[PDB]
Amino acid sequence: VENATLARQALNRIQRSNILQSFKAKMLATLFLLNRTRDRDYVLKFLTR
Amino acid sequence: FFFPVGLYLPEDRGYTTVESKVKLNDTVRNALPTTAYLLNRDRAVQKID
Amino acid sequence: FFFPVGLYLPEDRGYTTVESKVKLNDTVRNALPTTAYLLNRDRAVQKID
Amino acid sequence: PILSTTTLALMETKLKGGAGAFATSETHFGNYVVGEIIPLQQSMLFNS
Amino acid sequence: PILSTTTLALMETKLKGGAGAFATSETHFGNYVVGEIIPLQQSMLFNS
Amino acid sequence: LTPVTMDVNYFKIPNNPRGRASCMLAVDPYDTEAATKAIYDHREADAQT
C-alpha cells in the first residue's frame, strides 16, 4: 500500500529491492505486536491502517 | 554525504572523552586507524579500507 | 566580550574537577596551554593562536 | 556528514546508546566518531 | 565572558552536555573552561 | 586525496569537501574577478574557515 503508487510498468529491479527491504523491516516490526506494545495510539493506528 | 577515512589526529594534543565507557588494548594497529566504519541502509555496519 | 588565552594556573595549587569525564595524555603541550577555542556565529569550533 | 567511526569499539557504543546518541561526536586518542547532524538514521528507520 | 577553553578536550566535553551545560565553568590540572553567563548560544540557535 | 594531518574538526560540521567554501550567495554579483579570487586565490583567507 505504501509503494503501489510509483510502480507503473513491470517492476524495475530497484523497486523490488525496496519491496524486500520494507518486507524485512515490517516483518521484524509486526511479529506479535499485541504482546509487544500496549499503548492506545499504536494499536488504533495499526488497526485503522 | 562525505566522511573521512585514514586520518591521524595530533599526538602531542591527544585527549580522551570516553575513558569511563570504552577501552582498547595497547596495539599500534589500533593507534593508527587504517579503516573506517559506516552504516548500511538497514542499520548494519560496513567496513571500508 | 573578553576571553583569556595563554594563562598559567599555579602548579602548587593544581586540582581537577572533571577527572571521571575527560583524560588528557601526558605531554607538555597539554600541560602548558598556548591556544584558545571559541564558537563562531554558527555553533562550530574556532581556534586562536 | 554521516555517522562514521575508525574502530569497532565506538561503533558498538553508538549501537548500545539510546536515542539521540547519533548526534554526538566523541573522540579518543587516535580514534574518533563523527555524528550525523540531521538525525537521518533514526528518523528514516522508524517508518520502515 | 564567552565560552572559551584552553584545550579541545573540555570543548568536546561541553558539546555533549545537555541543555544549559554551557553556563557552568570547569577546570583541570592546567586547563579550564569559562561558561558564558548569558545563555546566548542556546537561546539564539533555539529559534531555528 | 587529502593529507594525513587534516584538521578533523573540519569534518564535524556541514562543509564543502573541497576544503574551501565557494557558496555564491556570498560573493558580489557578476564580479567574476572577485568570485575567482574567492575560489582560487590561496593568498587570501577563505570564508567560514
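Quick one: E:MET44 ticks every box in (1) facing chain C (nearest Cβ under 10 Å); (2) on the phi > 0 side of the Ramachandran plot; (3) not charged (D, E, K, R) bar one, so which box is it?
Against the list (1) facing chain C (nearest Cβ under 10 Å); (2) on the phi > 0 side of the Ramachandran plot; (3) not charged (D, E, K, R), E:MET44 comes up short only on (2).
Would you confirm, using the coordinates I've provided, whether B:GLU11 is under 24 Å from C:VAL18 (Cβ atoms), loosely packed, with under 13 Cβ neighbours inside 10 Å and more than 7 Å from chain D (Cβ to nearest Cβ)?
On the way: under 24 Å from C:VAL18 (Cβ atoms): yes; loosely packed, with under 13 Cβ neighbours inside 10 Å: yes; more than 7 Å from chain D (Cβ to nearest Cβ): yes.
Yes.
If E:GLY35 satisfies all but one of (1) buried (at least 17 other Cβ atoms within 10 Å of the Cβ); (2) small (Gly, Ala, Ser); (3) more than 10 Å from chain C (Cβ to nearest Cβ); (4) out of contact with any helix residue (DSSP H, G or I) (no Cβ under 6 Å at 6 or more places or on another chain), what's the number of the condition it fails?
(4)
When the residues of region B:25-49 are filtered to those that are within 18 Å of D:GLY17 (Cβ to Cβ) and out of contact with any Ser or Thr (no Cβ under 7 Å at 6 or more places or on another chain), which remaining residue is farthest from the other protein chains (Cβ to nearest Cβ)?
At the first step, the residues of region B:25-49 found to be within 18 Å of D:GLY17 (Cβ to Cβ) are B:37-39, B:43-45.
Add one more test, that the residue is out of contact with any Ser or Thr (no Cβ under 7 Å at 6 or more places or on another chain), and what stays is B:39, B:43-45.
Details: B:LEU39: 6, B:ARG43: 6, B:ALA44: 10, B:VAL45: 6 Å.
Within region B:25-49, the match that is farthest from the other protein chains (Cβ to nearest Cβ) is B:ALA44.
Please go through region E:3-31 and give me each residue that is more than 7 Å from chain C (Cβ to nearest Cβ) and aliphatic (A, V, I, L, M), ordered by number. Outline the logic, then answer.
Here is the first cut: in region E:3-31, the residues more than 7 Å from chain C (Cβ to nearest Cβ) are E:12, E:14-25.
Scanning region E:3-31 gives E:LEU15, E:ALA19, E:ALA21, E:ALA23.
Do you know which of the residues in region A:1-30 that are surrounded by 10 or more Cβ atoms within 10 Å (Cβ to Cβ) and of a type in the set (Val, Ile, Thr) is farthest from the other protein chains (Cβ to nearest Cβ)?
A:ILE19
For region A:31-45, state whether one or more residues are surrounded by 11 or more Cβ atoms within 10 Å (Cβ to Cβ) and within 11 Å of the chain's Cα centre (by Cα). So that I can check it myself, show each step before the final result.
Narrowing region A:31-45 to residues surrounded by 11 or more Cβ atoms within 10 Å (Cβ to Cβ): A:33, A:37, A:42-43.
From what's left, within 11 Å of the chain's Cα centre (by Cα): none.
No; the residues of region A:31-45 include none that is surrounded by 11 or more Cβ atoms within 10 Å (Cβ to Cβ) and within 11 Å of the chain's Cα centre (by Cα).
Read-outs throughout are calculated quantities, based only on the coordinates presented, and are distinct from any laboratory measurement. Heads up, the Cβs are rebuilt from the backbone with ideal geometry, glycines too, and the neighbour counts pull from every protein chain shown.
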